[PDB]
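Engineer: Just passing along the structure, written as structure tokens.
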Amino acid sequence: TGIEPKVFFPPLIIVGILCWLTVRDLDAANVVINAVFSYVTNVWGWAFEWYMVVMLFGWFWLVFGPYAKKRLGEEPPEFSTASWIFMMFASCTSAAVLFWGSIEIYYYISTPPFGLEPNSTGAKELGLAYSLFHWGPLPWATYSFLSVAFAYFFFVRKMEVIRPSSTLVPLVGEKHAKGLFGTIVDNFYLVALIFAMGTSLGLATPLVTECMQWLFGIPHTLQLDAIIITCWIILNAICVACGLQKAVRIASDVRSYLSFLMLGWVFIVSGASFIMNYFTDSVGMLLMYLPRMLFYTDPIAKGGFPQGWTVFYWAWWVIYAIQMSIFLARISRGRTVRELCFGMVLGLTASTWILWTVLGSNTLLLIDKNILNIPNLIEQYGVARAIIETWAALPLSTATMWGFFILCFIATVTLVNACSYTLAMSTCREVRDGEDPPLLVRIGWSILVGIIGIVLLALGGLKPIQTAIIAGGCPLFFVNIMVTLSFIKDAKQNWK
Amino acid sequence: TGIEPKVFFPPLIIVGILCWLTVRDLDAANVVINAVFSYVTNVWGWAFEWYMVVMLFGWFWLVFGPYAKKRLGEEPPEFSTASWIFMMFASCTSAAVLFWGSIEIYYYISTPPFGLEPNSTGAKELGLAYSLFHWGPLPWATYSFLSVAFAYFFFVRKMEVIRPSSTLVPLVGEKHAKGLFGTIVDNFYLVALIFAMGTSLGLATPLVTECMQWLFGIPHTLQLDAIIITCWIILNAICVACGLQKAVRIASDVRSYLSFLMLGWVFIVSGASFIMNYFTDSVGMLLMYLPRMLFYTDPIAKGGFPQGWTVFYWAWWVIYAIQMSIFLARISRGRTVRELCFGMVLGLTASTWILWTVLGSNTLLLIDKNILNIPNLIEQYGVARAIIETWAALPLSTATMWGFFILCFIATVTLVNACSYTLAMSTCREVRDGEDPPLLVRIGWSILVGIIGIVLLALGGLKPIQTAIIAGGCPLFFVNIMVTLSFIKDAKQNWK
Amino acid sequence: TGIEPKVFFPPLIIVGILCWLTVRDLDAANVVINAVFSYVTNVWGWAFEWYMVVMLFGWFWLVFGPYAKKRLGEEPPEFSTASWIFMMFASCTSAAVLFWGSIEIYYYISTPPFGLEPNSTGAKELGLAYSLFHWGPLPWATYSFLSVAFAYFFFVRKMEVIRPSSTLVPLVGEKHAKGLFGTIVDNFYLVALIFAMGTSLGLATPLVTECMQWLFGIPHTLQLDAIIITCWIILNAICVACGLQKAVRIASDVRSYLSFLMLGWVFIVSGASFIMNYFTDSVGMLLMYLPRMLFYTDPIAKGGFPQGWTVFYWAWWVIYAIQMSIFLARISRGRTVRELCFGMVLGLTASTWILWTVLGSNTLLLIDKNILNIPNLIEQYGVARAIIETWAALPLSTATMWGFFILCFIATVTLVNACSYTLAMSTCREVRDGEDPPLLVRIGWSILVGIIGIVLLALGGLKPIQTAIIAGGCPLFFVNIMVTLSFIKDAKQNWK
Ligand SMILES: C[N+](C)(C)CCCC(=O)O
Ligand SMILES: C[N+](C)(C)CCCC(=O)O
Ligand SMILES: C[N+](C)(C)CCCC(=O)O
Ligand SMILES: C[N+](C)(C)CCCC(=O)O
Ligand SMILES: C[N+](C)(C)CCCC(=O)O
Ligand SMILES: C[N+](C)(C)CCCC(=O)O
């Protein structure tokens, strides 16, 4: 069970150097950060939207295409169509998603798009529609093209696939893919992916620690955000070093149910009728503004909206793009290309749309109640403090806050455990899929990830987080397109 | 020729009790009325829109579906494709439609949607588009699914169908349909339908009596609106008690022609060029605002627009839904599922679109002329007074007003004659279709209907009218869905 | 090589009389002009939009229709699919297009549509989108129906076609088409076409002479605009009287390359990033406003926008409609109906969109720089003066202005040479296609065309130009429809 170096070291080095250089000087890093962010987005952000817009076109090409009816492997599907869907529905709930779900509608209102007056009933009607855009069917649809390529590689070519290059053979020649070309590709990929995993952890953390501080009293400090990234890593090490994963799967489920439960709670207490009317009104907005939004760059007013939200989000999506499609691919053996397009979108969107319309209309009602001053809270304490204030403003606050705490807790564990497996896996040679990798390489990464998060938690602000991501997405833009093209050259000749 | 009691009495009783309870105390009723209206619409109005939205989706499923090419019975179609269409075109003209057609554009402008400044060129450009939405293809389309089910029941299953339950066997078992389940269903149905029939009569009446007052001088009073509901009933009794229906069909035609004639008059005098430019400009609005409107609930501004117009309409549509689909079904034997979807929509919309856009641009021009003060007219006299003032503001006023008067007149007769047949019919056992029912049961209902109308004419305002309807639509929401589902279970196994 | 009189004289006479009557009194003509313009557009302009809307529908009927896969002649296509496309791409660049491309975005901002505040960031974001509408795929698409009819006449019926009537046989009987019916048709056609050709020349001219004045110093006067219309005609006469056309084709190419070159220049110097972001943002606008715009008549605010821009442009399109479709038809032998629809649109739009988004974002940036006062320039000197100021505001102004000068120059030559051939051609009997017509009839027309242009250059303003066109478009409305219907009757029976 080797530790291939061409895919182990370049990551580790690069993450360390940059992570180090950043800890050295925070003030200066932040200046660099803000330089990068603004460049990429203001100069290039349009290419991101066009990416998503193409991928969308081709969800259609898949659905009304020639490979439309093609079956994804001969065998029958090893899941009940309902089990399958629920499996998608249940993947979507991350720690970090609770973060955005809870706050993003606020900024949508605070500083709106399309030159809208803030906190205007108008920027409010439009608030949730923008959620439904950024986490709607429209974005999920883009995944279907790679979800089908990985599906087809997996079963129609019975290919073994661990890293991005291992699919590239047809596009570039077994020569270059086995070579360094594929090694650079697998490295850029990994590095980008690492940052993402970290920034995700960085969102998760303050939610967990602000919760503790709320229930307990323990000041949310940095020496405490890092305390808990180590617990996570320790706790991780223990679970994996004990082959305890059997029970980790059982906790993951406890997580899914808790989150439906919670979402369900926030729904009924906050006022379904409203939520329904608001969700409805919102769908028509989405439907009518969709095209405007798909391509929004606000080039005259130069308000940052598209760049800071869409272009930031689109790019996060471009990163996690492969990790999911691979997952959508496995849970989906033996279905038809079209079966899958219609399924993943219907499924996932159900999940995403519920969340963001529940939490958002909660935190929106809170806004029209003046229960809490969200802006003054963010100002003096930081985003997460506010987020928790919007959960705690709820009836039976203490219990409600226990649910969230646990939820965020067991969720982040899941997350960590997950990043480590996948990371260790793409960095070890001669390892069968479904097999547990070397404990040292595994827990090893979990520390490097947890290290990234604090460095971002340290740098302070969201600008680090989003630069991290926007940067990440830049290589993956072409990685993704590459895999996609690869999948195409190799089905033009074999599928038929 | 029996009088089945399970479908005769529960109606009669319930209509009487409620009608009685309402006459007892008007002030208090109106308080109840306004309570119901606001509850249903503000809490539930969204589910109505979703209803229509689904049914729409499924006009597509019909058109690009599997039953797409299926023929609706083996025999050829007993109508010229042009006769057919004209038959649809000719059905749309009711008394009450003249009412809405004439006034509704005013309120759109007076109090507009989307936070628009009133009487702003802007709320004006959008005025007619909102007509074209509310009576466009989009709403007709929804009927196609039930129009096909009744078509299929009628011919592909050679089933005999008089009341909603008689279709339900497949969904619920011959047991329950024959039973009381189907009896409750047929009762809610009827009761709802009665109220509608009445409120329609309540719209018609003041148009007829305000016309009289204009031509003659006879004060439009309540003791006079009721005089005329009795004439209608008397006149009805005579026509039916004489088997005179042969000539009623001839008068119905005189009606259709008179209304094309009128519409045509108003068109050319008022200024075609404009009407064309306006109609055009309006179509694009409709086309671009369509999605916004489909789902509009105005949940932040809480202006009543969607709830008071759309939700009120939509629900009227859900009531008359079955009565028409059955009619579209019969006039349409031997056509293809798709032949019918494309036809009814094309046909009907032609009819509806012309009307509104004519009467509305008339009454719109009147508005930009300050010929008359519509608002002050409504204030001191009631809506209908204004409506008539917009007809009489026309050239050759007196003749013009004769045309309308007659039109409204012979039209309402038609209406009454119609409600009575249908009502008596769904309330008598062992009666073949196409056959004249018992004169007592027939004329009997015509009095109960005419009774409802005055009670509403009595209660004063539109709020009674729209509550009536919005209430009606509530059961029929599920009745309609039920029939629809029934039609589906039973084609999944028999059509093939 | 005869000079058929039925198609030579009525033109010549009519153009002369009207041209004469206009020179007699300019002040009065202009009063007539402005009378016509406002009548046609305000009363009828809607019918133009409807025209374009139908033809669009039927690009779909072609694409998803029955003639979808039909091949346009048996033989294979005598062009490389890339040669083909480039041939379309290369046709679009006229002199007159440089004019509109350069200025039109200004007025879109100066006086905007949809009740927009002028020079508002808002009327600006929407500026270019309106370009993308007026010269987008949407307008090209309308040509495909006639492009296919001429294609089919040419190869599927091996018919010989010189004038509009020669296609009409099936619609009207060889009797009437050979007759005068077809002679009136061919006359209205021609006359309309002449004016267009002229007004095009009238746009070209002041661009050429304002360039001279910029590089040289020679005052742009009227006695100079006419100097150069005679040079063009002289220069024309020489080239054609020498059978020199071999080298004219070579100069035409030099033109295409120069214009790509120029467009490319303006692109990179002005700031691609922006241009990209702006082009993007603009596509979404187009996509979302599309329906509103398709049918815009602004009937309440009665701002002239639709009538003065769309209805004017639409009508220009209705004239050149046949001349192009015939050309698209020839360059396209042996392709499939659908091959063509997808091809012409993709092709042409590529061309048009690039132009107008480059020149317009240049002239837009100039606006937000206050480099030049475009309004005050138009006021004291006339449109063209401004246009040139926006080219000359560019880096390396003098060379830049040489490129444009040459471009406009060799372009207008091409134009003139072209109008003369075609005109002489449709006015001479017994002349094979591909054959050079009589030098007297040829150069003869070039003087009559150049005469029209000055008469317009004389009358001053754009109102003459656009009335010219709008008037032209009126017969061609039905000519076009006629050809189209003819093509239909004759494929219903022969293609199969
Ligand atoms: C700062 N942040 C990320 C909370 C919102 C930024 C919105 C924008 O880019 O204009
Ligand atoms: C980037 N993120 C986490 C907001 C969404 C990534 C897509 C996914 O969750 O599968
Ligand atoms: C008053 N009425 C019923 C005629 C119009 C109501 C408009 C609304 O729903 O707010
Ligand atoms: C309810 N109403 C009258 C507005 C439309 C009912 C449909 C129909 O008349 O067939
Ligand atoms: C005058 N012109 C042609 C430059 C712009 C006219 C715009 C309009 O018709 O309102
Ligand atoms: C009207 N015009 C000349 C600007 C466009 C004519 C269509 C074409 O370029 O073929």
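Residues are referred to by chain and number: the chain letter is A, B, ... according to the order shown in the structure tokens, the number counts from 1 in that chain, and ligands are numbered separately from 1 in the order shown.
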Which residues are near ligand 5 in this structure, taking near to mean any atom at most 7 Å from a ligand atom and counting only C-alpha atoms and all ligand atoms? Format them as an MDAnalysis selection string.

Structural biologist: chainID C and resid 107 303:309 462:463

Engineer: Next, dump the selected residues to file, keeping only N, CA and C atoms, as a JSON list (two decimals), in the first residue's frame.

Structural biologist:
[["chain", "number", "residue", "atom", "x", "y", "z"],
["C", 107, "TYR", "N", -27.87, 56.90, -28.83],
["C", 107, "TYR", "CA", -29.27, 57.28, -28.71],
["C", 107, "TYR", "C", -30.00, 56.39, -27.73],
["C", 303, "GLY", "N", -43.59, 57.59, -26.35],
["C", 303, "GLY", "CA", -42.22, 57.90, -26.73],
["C", 303, "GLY", "C", -41.96, 57.14, -28.02],
["C", 304, "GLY", "N", -41.23, 57.73, -28.95],
["C", 304, "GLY", "CA", -41.15, 57.15, -30.29],
["C", 304, "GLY", "C", -40.28, 55.92, -30.48],
["C", 305, "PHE", "N", -39.55, 55.55, -29.42],
["C", 305, "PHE", "CA", -38.48, 54.54, -29.49],
["C", 305, "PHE", "C", -38.68, 53.36, -30.46],
["C", 306, "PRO", "N", -39.75, 52.56, -30.27],
["C", 306, "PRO", "CA", -40.04, 51.40, -31.11],
["C", 306, "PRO", "C", -40.26, 51.78, -32.54],
["C", 307, "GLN", "N", -41.01, 52.85, -32.75],
["C", 307, "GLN", "CA", -41.39, 53.27, -34.10],
["C", 307, "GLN", "C", -40.21, 53.83, -34.87],
["C", 308, "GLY", "N", -39.33, 54.53, -34.14],
["C", 308, "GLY", "CA", -38.21, 55.23, -34.73],
["C", 308, "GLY", "C", -36.99, 54.35, -34.92],
["C", 309, "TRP", "N", -36.92, 53.27, -34.14],
["C", 309, "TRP", "CA", -35.80, 52.35, -34.23],
["C", 309, "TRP", "C", -36.19, 50.98, -34.79],
["C", 462, "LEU", "N", -31.97, 62.43, -40.56],
["C", 462, "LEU", "CA", -32.10, 61.00, -40.75],
["C", 462, "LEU", "C", -33.53, 60.71, -41.20],
["C", 463, "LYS", "N", -34.47, 61.55, -40.78],
["C", 463, "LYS", "CA", -35.89, 61.38, -41.14],
["C", 463, "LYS", "C", -36.14, 61.04, -42.61]]

Engineer: Would you give me, as JSON lines, each residue of chain A having an atom within 12 Å of an atom of ligand 1, along with its shortest atom pair and that distance in Å to one decimal, using only C-alpha atoms and all ligand atoms and sorting by chain and residue number?

Structural biologist:
{"residue": "A:34", "atom": "CA", "partner": "ligand 1", "partner_atom_place_in_ligand_line": "1 (C)", "distance": 11.4}
{"residue": "A:37", "atom": "CA", "partner": "ligand 1", "partner_atom_place_in_ligand_line": "9 (O)", "distance": 10.1}
{"residue": "A:38", "atom": "CA", "partner": "ligand 1", "partner_atom_place_in_ligand_line": "9 (O)", "distance": 9.4}
{"residue": "A:41", "atom": "CA", "partner": "ligand 1", "partner_atom_place_in_ligand_line": "9 (O)", "distance": 9.5}
{"residue": "A:42", "atom": "CA", "partner": "ligand 1", "partner_atom_place_in_ligand_line": "9 (O)", "distance": 10.2}
{"residue": "A:45", "atom": "CA", "partner": "ligand 1", "partner_atom_place_in_ligand_line": "9 (O)", "distance": 11.7}
{"residue": "A:100", "atom": "CA", "partner": "ligand 1", "partner_atom_place_in_ligand_line": "4 (C)", "distance": 10.3}
{"residue": "A:103", "atom": "CA", "partner": "ligand 1", "partner_atom_place_in_ligand_line": "4 (C)", "distance": 9.3}
{"residue": "A:104", "atom": "CA", "partner": "ligand 1", "partner_atom_place_in_ligand_line": "4 (C)", "distance": 8.0}
{"residue": "A:105", "atom": "CA", "partner": "ligand 1", "partner_atom_place_in_ligand_line": "4 (C)", "distance": 10.7}
{"residue": "A:106", "atom": "CA", "partner": "ligand 1", "partner_atom_place_in_ligand_line": "4 (C)", "distance": 9.4}
{"residue": "A:107", "atom": "CA", "partner": "ligand 1", "partner_atom_place_in_ligand_line": "5 (C)", "distance": 6.5}
{"residue": "A:108", "atom": "CA", "partner": "ligand 1", "partner_atom_place_in_ligand_line": "7 (C)", "distance": 8.4}
{"residue": "A:109", "atom": "CA", "partner": "ligand 1", "partner_atom_place_in_ligand_line": "7 (C)", "distance": 11.0}
{"residue": "A:110", "atom": "CA", "partner": "ligand 1", "partner_atom_place_in_ligand_line": "5 (C)", "distance": 9.4}
{"residue": "A:111", "atom": "CA", "partner": "ligand 1", "partner_atom_place_in_ligand_line": "7 (C)", "distance": 7.3}
{"residue": "A:112", "atom": "CA", "partner": "ligand 1", "partner_atom_place_in_ligand_line": "10 (O)", "distance": 8.6}
{"residue": "A:113", "atom": "CA", "partner": "ligand 1", "partner_atom_place_in_ligand_line": "10 (O)", "distance": 8.7}
{"residue": "A:114", "atom": "CA", "partner": "ligand 1", "partner_atom_place_in_ligand_line": "10 (O)", "distance": 11.6}
{"residue": "A:115", "atom": "CA", "partner": "ligand 1", "partner_atom_place_in_ligand_line": "10 (O)", "distance": 11.6}
{"residue": "A:297", "atom": "CA", "partner": "ligand 1", "partner_atom_place_in_ligand_line": "9 (O)", "distance": 10.9}
{"residue": "A:298", "atom": "CA", "partner": "ligand 1", "partner_atom_place_in_ligand_line": "10 (O)", "distance": 10.2}
{"residue": "A:301", "atom": "CA", "partner": "ligand 1", "partner_atom_place_in_ligand_line": "10 (O)", "distance": 11.2}
{"residue": "A:302", "atom": "CA", "partner": "ligand 1", "partner_atom_place_in_ligand_line": "10 (O)", "distance": 9.0}
{"residue": "A:303", "atom": "CA", "partner": "ligand 1", "partner_atom_place_in_ligand_line": "10 (O)", "distance": 5.8}
{"residue": "A:304", "atom": "CA", "partner": "ligand 1", "partner_atom_place_in_ligand_line": "10 (O)", "distance": 3.4}
{"residue": "A:305", "atom": "CA", "partner": "ligand 1", "partner_atom_place_in_ligand_line": "10 (O)", "distance": 3.9}
{"residue": "A:306", "atom": "CA", "partner": "ligand 1", "partner_atom_place_in_ligand_line": "9 (O)", "distance": 6.7}
{"residue": "A:307", "atom": "CA", "partner": "ligand 1", "partner_atom_place_in_ligand_line": "9 (O)", "distance": 5.5}
{"residue": "A:308", "atom": "CA", "partner": "ligand 1", "partner_atom_place_in_ligand_line": "9 (O)", "distance": 3.0}
{"residue": "A:309", "atom": "CA", "partner": "ligand 1", "partner_atom_place_in_ligand_line": "9 (O)", "distance": 5.8}
{"residue": "A:310", "atom": "CA", "partner": "ligand 1", "partner_atom_place_in_ligand_line": "9 (O)", "distance": 8.7}
{"residue": "A:311", "atom": "CA", "partner": "ligand 1", "partner_atom_place_in_ligand_line": "9 (O)", "distance": 9.1}
{"residue": "A:312", "atom": "CA", "partner": "ligand 1", "partner_atom_place_in_ligand_line": "9 (O)", "distance": 8.6}
{"residue": "A:313", "atom": "CA", "partner": "ligand 1", "partner_atom_place_in_ligand_line": "3 (C)", "distance": 10.5}
{"residue": "A:375", "atom": "CA", "partner": "ligand 1", "partner_atom_place_in_ligand_line": "4 (C)", "distance": 11.2}
{"residue": "A:378", "atom": "CA", "partner": "ligand 1", "partner_atom_place_in_ligand_line": "4 (C)", "distance": 10.1}
{"residue": "A:379", "atom": "CA", "partner": "ligand 1", "partner_atom_place_in_ligand_line": "4 (C)", "distance": 11.5}
{"residue": "A:382", "atom": "CA", "partner": "ligand 1", "partner_atom_place_in_ligand_line": "4 (C)", "distance": 10.8}
{"residue": "A:383", "atom": "CA", "partner": "ligand 1", "partner_atom_place_in_ligand_line": "4 (C)", "distance": 8.8}
{"residue": "A:384", "atom": "CA", "partner": "ligand 1", "partner_atom_place_in_ligand_line": "4 (C)", "distance": 11.9}
{"residue": "A:461", "atom": "CA", "partner": "ligand 1", "partner_atom_place_in_ligand_line": "1 (C)", "distance": 8.4}
{"residue": "A:462", "atom": "CA", "partner": "ligand 1", "partner_atom_place_in_ligand_line": "3 (C)", "distance": 6.1}
{"residue": "A:463", "atom": "CA", "partner": "ligand 1", "partner_atom_place_in_ligand_line": "3 (C)", "distance": 6.7}
{"residue": "A:464", "atom": "CA", "partner": "ligand 1", "partner_atom_place_in_ligand_line": "3 (C)", "distance": 10.1}
{"residue": "A:465", "atom": "CA", "partner": "ligand 1", "partner_atom_place_in_ligand_line": "3 (C)", "distance": 9.5}
{"residue": "A:466", "atom": "CA", "partner": "ligand 1", "partner_atom_place_in_ligand_line": "3 (C)", "distance": 7.8}
{"residue": "A:467", "atom": "CA", "partner": "ligand 1", "partner_atom_place_in_ligand_line": "3 (C)", "distance": 10.4}

Engineer: Hey, can you spit out that residue selection with C-alpha atoms as a short mmCIF file (atom, residue, chain, number, x, y, z; two decimals), in the first residue's frame?

Structural biologist:
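What follows is the written file selection-v7.cif:
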data_model
loop_
_atom_site.label_atom_id
_atom_site.label_comp_id
_atom_site.auth_asym_id
_atom_site.auth_seq_id
_atom_site.Cartn_x
_atom_site.Cartn_y
_atom_site.Cartn_z
CA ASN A 34 -7.79 41.08 -1.71
CA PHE A 37 -9.89 38.13 -5.43
CA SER A 38 -10.57 41.41 -7.19
CA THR A 41 -13.45 38.13 -10.43
CA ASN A 42 -13.40 41.55 -11.96
CA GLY A 45 -15.59 36.21 -13.41
CA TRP A 100 -24.74 30.37 4.03
CA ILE A 103 -27.04 34.52 6.50
CA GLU A 104 -26.86 35.03 2.76
CA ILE A 105 -30.43 36.32 2.37
CA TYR A 106 -29.46 39.12 4.76
CA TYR A 107 -26.79 40.52 2.44
CA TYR A 108 -29.12 40.05 -0.48
CA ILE A 109 -31.36 42.59 1.29
CA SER A 110 -28.61 44.67 2.98
CA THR A 111 -26.83 45.27 -0.31
CA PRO A 112 -29.11 44.06 -3.17
CA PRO A 113 -28.47 43.52 -6.94
CA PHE A 114 -29.88 45.40 -9.93
CA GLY A 115 -29.48 48.77 -8.18
CA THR A 297 -21.67 41.12 -14.22
CA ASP A 298 -22.98 44.65 -13.23
CA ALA A 301 -22.65 50.43 -11.64
CA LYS A 302 -19.61 48.30 -10.73
CA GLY A 303 -21.36 47.09 -7.58
CA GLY A 304 -19.64 43.85 -6.60
CA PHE A 305 -22.76 41.67 -6.30
CA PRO A 306 -22.22 39.18 -9.18
CA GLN A 307 -18.48 38.97 -8.51
CA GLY A 308 -18.70 38.56 -4.77
CA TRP A 309 -21.60 36.13 -4.76
CA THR A 310 -22.16 34.37 -8.06
CA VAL A 311 -18.54 34.23 -9.28
CA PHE A 312 -17.45 33.23 -5.78
CA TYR A 313 -20.17 30.55 -5.59
CA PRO A 375 -25.70 44.44 11.14
CA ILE A 378 -21.83 41.27 12.50
CA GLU A 379 -19.94 44.53 13.08
CA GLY A 382 -18.39 38.59 13.23
CA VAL A 383 -20.87 36.83 10.97
CA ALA A 384 -21.27 33.56 12.90
CA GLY A 461 -13.14 37.96 7.29
CA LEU A 462 -14.81 36.14 4.45
CA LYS A 463 -12.44 37.55 1.80
CA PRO A 464 -9.84 34.82 2.67
CA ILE A 465 -12.46 32.06 2.36
CA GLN A 466 -13.76 33.27 -1.00
CA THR A 467 -10.32 34.03 -2.46
#

Engineer: Neighbouring residues of ligand 6 are defined here as those with any atom at most 6 Å from a ligand atom, counting only C-alpha atoms and all ligand atoms; list them as an NGL selection string.

Structural biologist: :C and (92 or 97 or 316-317 or 320 or 324)

Engineer: List the spatial neighbours of residue 168 in chain C as number ranges by chain - criterion: any atom at most 8 Å away, only C-alpha atoms, same-chain residues fewer than 4 positions off excluded.

Structural biologist: C: 164, 172-174, 177, 182, 482-483, 486

Engineer: Run DSSP on the backbone of this structure and report the residues of range 129-372 of chain C it assigns to helix (DSSP H, G or I), as a ChimeraX atom specification.

Structural biologist: /C:129-134,137-156,164-167,169-178,181-215,222-241,245-270,272-294,305-330,337-369

Engineer: Could you list, as number ranges by chain, the residues of chain B having an atom within 8 Å of chain C when counting only C-alpha atoms?

Structural biologist: B: 121-122, 124-125, 273-274, 276-278, 280-285, 287-288

Engineer: CA of residue 7 in chain C and CA of residue 430 in chain C are how many Å apart?

Structural biologist: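 Separation of CA of residue 7 in chain C and CA of residue 430 in chain C: 12.6 Å.
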
Engineer: Just to confirm, what's the straight-line distance from CA of residue 343 in chain B to CA of residue 57 in chain C in Å (one decimal)?

Structural biologist: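 So the answer is 18.2 Å.
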
Engineer: Which residue, B:102, B:30, B:167, B:412, has the smallest gap to residue 236 in chain B when you use only C-alpha atoms?

Structural biologist: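 Going through B:102, B:30, B:167, B:412 one by one, the smallest distance to residue 236 in chain B is for B:412.
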
Engineer: Counting only C-alpha atoms and all ligand atoms, name the residues that have an atom within 10 Å of an atom of ligand 2; the answer should be given as a ChimeraX atom specification.

Structural biologist: /A:88,91-101,134-135,139-140,143,196-197,199-200,312-325,327-328,348,352,469

Engineer: How many Å separate CA of residue 409 in chain B from CA of residue 238 in chain B?

Structural biologist: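 Taking CA of residue 409 in chain B and CA of residue 238 in chain B, their separation equals 16.2 Å.
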
Engineer: Using only C-alpha atoms, find the one residue out of B:472, B:194, B:85, B:206 that sits nearest to residue 223 in chain B.

Structural biologist: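 Closest to residue 223 in chain B, using only C-alpha atoms: B:206.
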
Engineer: Write out as a PyMOL selection string each polymer residue whose atoms come within 9 Å of residue 77 in chain C, counting only C-alpha atoms; drop sequence neighbours fewer than 4 positions from it.

Structural biologist: chain C and resi 81+331-335

Engineer: Would you mind exporting the chosen residues as a compact mmCIF listing (two decimals), in the first residue's frame, restricted to N, CA, C and O atoms?

Structural biologist:
# COMPACT_ATOMS: atom_id res chain seq x y z
N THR C 81 -17.61 23.62 -45.49
CA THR C 81 -18.51 24.14 -44.48
C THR C 81 -17.91 25.40 -43.84
O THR C 81 -18.64 26.35 -43.52
N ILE C 331 -24.81 30.41 -52.33
CA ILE C 331 -23.64 29.95 -51.59
C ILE C 331 -23.89 28.62 -50.85
O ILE C 331 -22.97 27.99 -50.30
N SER C 332 -25.15 28.18 -50.86
CA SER C 332 -25.57 27.06 -50.02
C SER C 332 -26.14 25.84 -50.74
O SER C 332 -26.87 25.07 -50.13
N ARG C 333 -25.84 25.65 -52.02
CA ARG C 333 -26.45 24.52 -52.71
C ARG C 333 -26.09 23.21 -52.02
O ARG C 333 -25.00 23.05 -51.48
N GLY C 334 -27.04 22.28 -52.04
CA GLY C 334 -26.81 20.93 -51.58
C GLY C 334 -26.72 20.79 -50.08
O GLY C 334 -26.07 19.88 -49.56
N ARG C 335 -27.35 21.68 -49.35
CA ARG C 335 -27.37 21.49 -47.93
C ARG C 335 -28.77 21.16 -47.54
O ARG C 335 -29.69 21.26 -48.34

Engineer: What's around residue 485 in chain C at 10 Å? Count only C-alpha atoms, leave out sequence neighbours fewer than 3 positions away in its own chain, and write the answer as a ChimeraX atom specification.

Structural biologist: /C:146,149,168,170-171,479-482,488-491

Engineer: Just want the 12 Å neighbourhood of range 232-234 of chain A, counted on only C-alpha atoms, with same-chain residues fewer than 3 positions away dropped. Output as a PyMOL selection string.

Structural biologist: chain A and resi 201+204-205+208+225-229+237-241+409-420+442-451

Engineer: Between B:36, B:344, B:235, B:248, which residue has the minimum interatomic distance to ligand 4, considering only C-alpha atoms and all ligand atoms?

Structural biologist: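 Looking only at the distances to ligand 4, the closest residue turns out to be B:344.
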
Engineer: As a PyMOL selection string, please: the residues near residue 356 in chain A (cut-off 8 Å, only C-alpha atoms, same-chain neighbours under 2 positions excluded).

Structural biologist: chain A and resi 101-102+128+131-132+352-354+358-360
